[PDB]
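Visitor: Enclosed is the structure file query_7.cif (mmCIF, C-alpha atoms).
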data_upload
loop_
_atom_site.label_atom_id
_atom_site.label_comp_id
_atom_site.auth_asym_id
_atom_site.auth_seq_id
_atom_site.Cartn_x
_atom_site.Cartn_y
_atom_site.Cartn_z
CA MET K 1 -2.09 -35.62 12.45
CA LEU K 2 -1.08 -33.30 9.59
CA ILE K 3 -3.07 -32.29 6.48
CA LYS K 4 -2.53 -30.20 3.32
CA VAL K 5 -4.85 -27.42 2.10
CA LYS K 6 -5.37 -26.36 -1.54
CA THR K 7 -5.45 -22.65 -2.46
CA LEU K 8 -7.02 -20.92 -5.51
CA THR K 9 -3.51 -20.15 -6.86
CA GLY K 10 -2.56 -23.86 -6.88
CA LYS K 11 -0.48 -24.07 -3.70
CA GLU K 12 -0.71 -26.83 -1.07
CA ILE K 13 -0.31 -25.38 2.46
CA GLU K 14 1.16 -27.62 5.20
CA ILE K 15 -0.52 -27.45 8.64
CA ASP K 16 -0.79 -29.56 11.78
CA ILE K 17 -4.16 -29.88 13.56
CA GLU K 18 -6.22 -32.45 15.50
CA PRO K 19 -9.55 -34.04 14.23
CA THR K 20 -11.30 -32.88 17.45
CA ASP K 21 -10.68 -29.19 16.54
CA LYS K 22 -13.27 -26.90 14.88
CA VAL K 23 -13.10 -25.79 11.21
CA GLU K 24 -12.97 -22.12 12.42
CA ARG K 25 -9.75 -22.83 14.40
CA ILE K 26 -8.09 -24.31 11.28
CA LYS K 27 -9.17 -21.12 9.40
CA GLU K 28 -7.35 -19.00 12.03
CA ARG K 29 -4.17 -21.08 11.45
CA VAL K 30 -4.52 -20.28 7.71
CA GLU K 31 -4.89 -16.49 8.39
CA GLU K 32 -1.56 -16.38 10.32
CA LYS K 33 0.21 -18.47 7.61
CA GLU K 34 -1.00 -16.72 4.40
CA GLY K 35 -2.42 -13.43 5.74
CA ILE K 36 -6.15 -13.69 4.93
CA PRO K 37 -9.13 -13.49 7.46
CA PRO K 38 -11.10 -16.75 8.30
CA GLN K 39 -14.57 -15.26 7.57
CA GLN K 40 -13.45 -14.72 3.94
CA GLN K 41 -12.02 -18.31 3.52
CA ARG K 42 -14.23 -21.44 2.92
CA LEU K 43 -13.25 -25.09 3.41
CA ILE K 44 -14.63 -27.76 1.08
CA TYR K 45 -14.06 -31.55 1.21
CA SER K 46 -15.46 -34.47 -0.92
CA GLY K 47 -18.05 -32.09 -2.39
CA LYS K 48 -19.81 -30.72 0.70
CA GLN K 49 -19.29 -27.39 2.50
CA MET K 50 -17.74 -27.33 6.00
CA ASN K 51 -19.45 -25.18 8.66
CA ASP K 52 -17.67 -23.25 11.46
CA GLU K 53 -19.94 -25.06 13.96
CA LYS K 54 -18.67 -28.48 12.79
CA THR K 55 -15.30 -30.22 13.26
CA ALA K 56 -12.83 -32.03 10.97
CA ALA K 57 -13.81 -35.35 12.63
CA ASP K 58 -17.40 -34.89 11.32
CA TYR K 59 -15.94 -35.30 7.81
CA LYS K 60 -13.76 -38.35 8.82
CA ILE K 61 -10.58 -36.39 7.88
CA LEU K 62 -7.27 -37.89 9.08
CA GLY K 63 -3.53 -37.05 9.00
CA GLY K 64 -2.62 -37.21 5.33
CA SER K 65 -5.87 -35.96 3.73
CA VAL K 66 -5.95 -32.99 1.34
CA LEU K 67 -8.54 -30.32 2.18
CA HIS K 68 -9.78 -27.63 -0.23
CA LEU K 69 -10.14 -23.92 0.57
CA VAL K 70 -12.12 -21.39 -1.51
CA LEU K 71 -13.09 -17.92 -0.34
CA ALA K 72 -12.28 -14.20 -0.98
CA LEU K 73 -11.81 -12.78 -4.50
CA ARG K 74 -9.18 -10.37 -5.88
CA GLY K 75 -10.59 -9.63 -9.35
CA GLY K 76 -13.92 -10.04 -11.12
CA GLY V 1 7.12 3.41 -6.27
CA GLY V 2 7.57 4.21 -2.59
CA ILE V 3 8.23 1.17 -0.39
CA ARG V 4 9.76 -2.27 -1.03
CA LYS V 5 9.44 -5.66 0.72
CA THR V 6 13.07 -6.59 -0.22
CA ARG V 7 14.40 -5.54 3.23
CA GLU V 8 12.01 -7.75 5.29
CA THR V 9 12.28 -10.67 2.91
CA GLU V 10 16.08 -10.89 2.62
CA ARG V 11 16.75 -9.94 6.31
CA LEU V 12 14.54 -12.93 7.37
CA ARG V 13 16.21 -15.21 4.91
CA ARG V 14 19.76 -13.95 5.72
CA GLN V 15 19.69 -14.03 9.59
CA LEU V 16 16.49 -12.35 10.95
CA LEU V 17 13.05 -14.06 11.41
CA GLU V 18 10.83 -15.29 8.50
CA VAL V 19 9.00 -11.95 7.82
CA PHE V 20 7.40 -11.54 4.23
CA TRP V 21 9.37 -14.01 2.25
CA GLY V 22 9.41 -15.98 5.49
CA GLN V 23 6.03 -16.47 7.31
CA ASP V 24 6.29 -20.32 6.81
CA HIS V 25 4.45 -20.98 3.46
CA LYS V 26 5.09 -17.33 2.55
CA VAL V 27 8.87 -18.09 1.97
CA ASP V 28 8.39 -19.10 -1.65
CA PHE V 29 5.00 -17.25 -1.84
CA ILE V 30 6.32 -13.74 -2.41
CA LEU V 31 7.37 -14.16 -6.07
CA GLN V 32 4.94 -17.05 -6.84
CA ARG V 33 1.86 -14.76 -6.71
CA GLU V 34 1.30 -11.64 -8.93
CA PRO V 35 2.85 -8.35 -7.43
CA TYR V 36 6.32 -7.08 -8.45
CA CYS V 37 7.53 -6.36 -4.87
CA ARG V 38 6.99 -10.00 -3.78
CA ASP V 39 8.33 -11.15 -7.15
CA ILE V 40 11.78 -9.71 -6.29
CA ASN V 41 11.68 -11.05 -2.74
CA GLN V 42 11.64 -14.84 -3.54
CA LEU V 43 13.30 -14.20 -6.89
CA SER V 44 16.28 -12.24 -5.49
CA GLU V 45 16.12 -13.72 -1.92
CA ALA V 46 15.13 -17.41 -2.39
CA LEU V 47 17.34 -17.79 -5.55
CA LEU V 48 20.51 -15.88 -4.43
CA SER V 49 20.47 -16.91 -0.73
CA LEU V 50 19.81 -20.65 -1.37
CA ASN V 51 22.26 -21.03 -4.31
CA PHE V 52 25.09 -18.64 -3.25
#
Take the structure from the file and write it as structure tokens.
Guide:
Amino acid sequence: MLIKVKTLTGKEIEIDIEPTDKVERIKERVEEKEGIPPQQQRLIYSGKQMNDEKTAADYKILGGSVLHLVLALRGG
Amino acid sequence: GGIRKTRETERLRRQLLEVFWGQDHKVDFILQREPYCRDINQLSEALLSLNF
């Protein structure tokens, strides 16, 4: 199952992960793709915040869903 | 300036591995961001290498 993430710059990232994996693991995949640490990147879906102790399955996300990401700031 | 990302970006794109311009999503990302160095990378690399 593959899903697309949305960045603050307006860019949809393409990644491949399983629903049984943890949100923190998906964050690591993001770090290697864009070049930003996981602890400074948040993942939001539907309107609720996703915790590193929870998994994508807990938010009924499947291959084809668009997930949002919002953490770390450059300016002020 | 001092250093440029043009060498890593075009080398990836030409024959080497996806380095700056490369790194999967990064390929287009260099120019489509804000800095000048990245700007040249996709601009000069993605445009000239793909078209020519």
Visitor: Quick one: residues within 12 Å of residue 18 in chain V, all atoms listed in the file counted, chain neighbours fewer than 3 positions away excluded, as a list in words?
Guide: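 Within the cut-off, the hits are residues 33 of chain K; 7, 8, 9, 10, 11, 12, 13, 14, 15, 21, 22, 23, 24, 25, 26, 27, 28, 30, 45 and 46 of chain V.
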Visitor: Need the shell around residue 58 in chain K: protein/DNA/RNA residues with any atom at most 12 Å away, counting all atoms listed in the file. Skip same-chain ones fewer than 4 positions apart. Format as JSON, numbers by chain?
Guide: {"K": [19, 20, 21, 22, 23, 45, 48, 49, 50, 51, 52, 53, 54, 62]}
Visitor: Taking all atoms listed in the file into account, find every residue of chain K that has an atom no more than 10 Å from chain V, and write it out as a PyMOL selection string.
Guide: chain K and resi 9+11-15+30+32-35
Visitor: Generate the output file for the selected residues, C-alpha atoms, as an mmCIF file, in the coordinates of the input.
Guide:
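In the end it all went to part09.cif:
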data_model
loop_
_atom_site.group_PDB
_atom_site.id
_atom_site.type_symbol
_atom_site.label_atom_id
_atom_site.label_comp_id
_atom_site.auth_asym_id
_atom_site.auth_seq_id
_atom_site.Cartn_x
_atom_site.Cartn_y
_atom_site.Cartn_z
ATOM 1 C CA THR K 9 -3.510 -20.150 -6.860
ATOM 2 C CA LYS K 11 -0.480 -24.070 -3.700
ATOM 3 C CA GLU K 12 -0.710 -26.830 -1.070
ATOM 4 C CA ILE K 13 -0.310 -25.380 2.460
ATOM 5 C CA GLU K 14 1.160 -27.620 5.200
ATOM 6 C CA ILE K 15 -0.520 -27.450 8.640
ATOM 7 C CA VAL K 30 -4.520 -20.280 7.710
ATOM 8 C CA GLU K 32 -1.560 -16.380 10.320
ATOM 9 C CA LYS K 33 0.210 -18.470 7.610
ATOM 10 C CA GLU K 34 -1.000 -16.720 4.400
ATOM 11 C CA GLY K 35 -2.420 -13.430 5.740
#
Visitor: If I take CA of residue 48 in chain V and CA of residue 31 in chain K, how far is one from the other in Å, to one decimal?
Guide: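 Rounded to one decimal, the two atoms are 28.5 Å apart.
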Visitor: Tell me, in Å to one decimal, how far CA of residue 63 in chain K is from CA of residue 24 in chain K.
Guide: 18.0 Å
